[PDB]
Every structure is written in structure tokens, then in C-alpha cells.
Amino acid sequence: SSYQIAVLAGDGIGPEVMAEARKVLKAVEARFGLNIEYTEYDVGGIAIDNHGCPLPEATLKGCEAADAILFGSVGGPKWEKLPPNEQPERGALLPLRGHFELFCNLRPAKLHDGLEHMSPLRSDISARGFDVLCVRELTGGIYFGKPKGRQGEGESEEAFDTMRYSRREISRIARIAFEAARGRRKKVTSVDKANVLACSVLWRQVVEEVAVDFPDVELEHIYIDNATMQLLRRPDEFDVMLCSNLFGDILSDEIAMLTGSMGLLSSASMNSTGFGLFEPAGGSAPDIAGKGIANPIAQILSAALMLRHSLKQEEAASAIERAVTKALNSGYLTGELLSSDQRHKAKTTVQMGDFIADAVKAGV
């Protein structure tokens, strides 16, 4: 009946932008008659401060009792010296992905109208625009392969990670890419290193097996070094990019940065069962925390992804997305979206969330 959401705002800008997401969710709950209940739990640096680890057992159990995770961001200079395997970012996100089998990471990156000038692309390339979905496999490959560790001492001491994929793992992520391409521009570009990696050979093989179920989707394969070049040059030629864990990590971020506007971008990590973790694409931005400056759009759109993907509340998801569009087209842009000669029009985080919740309320 009534949904349960684990709210894991984390560090840096996380709590202030989460507050705006929740404000917009409040407008949406009222308009569509949704009963969503939320519990906040510490994660990342605040969980190390409050509890000794980045992912407290109680945060984890709070997530198991939820229909979805509304996730902020984690990490910060204060923990940026700890043992890698106790650090907040990887300490929160990987065990969360692993525990809940969040194998599928979706990060759509589009160049928004009017914001071309912010993209780091040459103006004729950004004028062409782009819209690229990164479908990234999230629970296997080299992130979670075993053996992983190190042996020896001295010069001969060595450390090792194993990159591993099974046909089952590749085909379930491929299907996601293919179904997504179907509702977009019907191209999957599968990104691998099949000239080098036994994993990438099986990857490329399996993805071709899956393509039989999609006669309407065009499939092409590309090496990750090649894909990263080609995205700087002609991002407009890609529709869906299907990648393994390590390659999609690189690619999702690259494409996000080519937008020039990461504060507008969000991410859905999902398991096969409808449960997911929804977060902004960009970091916790500790330099701007507590100052009313952070763009809450990324976090607000994470909430929209949460409603659509985990809560089956498509209408409520699209209302938020249209309220965001409304803001971007009505002079409601935070400072990092504005050119330096326009930066005086900058809206604060709270102003951004107020406007966007108001637009939902007004029936946008």
C-alpha cells in the first residue's frame, strides 16, 4: 500500500539538495495521492563520524525494509586519507550495490537547450547536442571479481583483481540497454576491450546473442579507448551505451562532463526486482556545502527516477521532470549553470526547490 523510502543523504551538498528533492516529493505526494513514508539513515562520512563505518548495519537494514533508496552523495576531504577500504564513497556504494544486487546502472546524459555554452565541447559540437544513455553493469566484472588482494613482500609483492563475467550477467545488462534503446533512438553501442580481455570477448559475444530478441535495435561494438575518443568528438552519434562495470564507470562520467551540466543529471541503480538506489550523477561537492548554492535538480530528478522505477509512479515521476524543465526555461538556474556575465541571476538551492515544488502543485 504505502511506500517506504530509505533516505541516505550522506555528506557535503547531499542533505541540502535532498531537502529539495523531499520538498518536491511532498508536492508530488499531494497531487497524485501517494502515501510515501521516509526514514533518514547516515551513510558515507557522516556514518563514519556517527557510527564508525560508511555503511552502518542499521542503514543497511533500513534499506532492506525500503522500496527504494533515495541517495545523496558521499565523500569529503575529512575522510580523504583513510584506508581505501574504509573510505566513505566506495564504503557506501559498493556494498549497497552488492547487497541489493543493483546490477543495472542507468545514467542518461543530455545536452540541455540553452545550456550548450556550458558544455566543454567546441561550440559546433555542442550546438549539435546529444542524448546518451550509459547502461553500466554494476555488480560484477572487476569491482567484485575474486581473487582480489595481494601477496608477497618487497619488489615481488603483488596485488591483483580479477575481472569476471558470466553469460547470465552480461545478457541481463544487455537486455536493459536494448529495451532502453527501443524507447529512444534504437541503437545500442556496446563498449568493451575484446581485443585484449577474455571478459570482453564473452561480453561482445553475449550482447550479440541478446540482439536477436531486438531486430529493431541496431547494435555496434566499440573499444573503450575508441569510445572515449569518439564521445569527445561526436557525442551525437551515440544513443545507448552498454558497458561493463569498469568501462561504464569511465564512460558515464565522461559523457556527464561533456554535458557541461552535471547538476542536472541523475542515476538509477536497479536490481531485477524493482528495488533501486537513486542518486545524482555528480559528487558531494564539499567546497559548496551549507552555502545555499548547490543545484538540487540532480537530486530532485533522482527522486523522479525513484518514483518511476521503484514505486511504479510514472505520472508523479513525469510531473517532477516537467517542473524541472519549467524552471530551466523560466530563469530558475543555480549559479553553475550561468555564464559569468549572467551569474547575478543565480537562484539558491532553496529557491530552486520552491519553484519546482510550486510548479508540480500548479499542475505542470
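The term rigid core refers to the maximal set of C-alpha atoms that superpose within 1.5 Å between the two forms. For every residue, the number given is its place in the sequence shown, counted from 1.
- With 79-87 and 215-223 as candidates, the stretch whose CA atoms show the greater average offset from this form in 6 other deposited structures of this protein after a core fit is 79-87.
- Per-stretch averaging of Cα B factors for 334-342 and 39-47 places 334-342 on top.
- Across the two stretches, 68-76 and 153-161, the PDB entry reports the greater mean Cα temperature factor for 153-161.
- Among 137, 279, 225, 113, the highest C-alpha B-factor in the deposited entry belongs to 113.
- Of the candidates 98, 84, 108, 141, the one whose C-alpha carries the top B factor in the deposited record is 84.
- Residue 316 sits in the middle third of its chain by CA B factor, as recorded in the PDB entry.
- When the CA B factors of the chain's modelled residues are split into thirds, the value for residue 123 lands in the middle one.
- In the PDB entry, a CA B factor belonging to the highest third of its chain's modelled residues is recorded for residue 33.
- Placement of the Cα temperature factor of residue 220 within the chain: middle third of the modelled residues, per the deposited record.
- When the CA B factors of the chain's modelled residues are split into thirds, the value for residue 299 lands in the lowest one.
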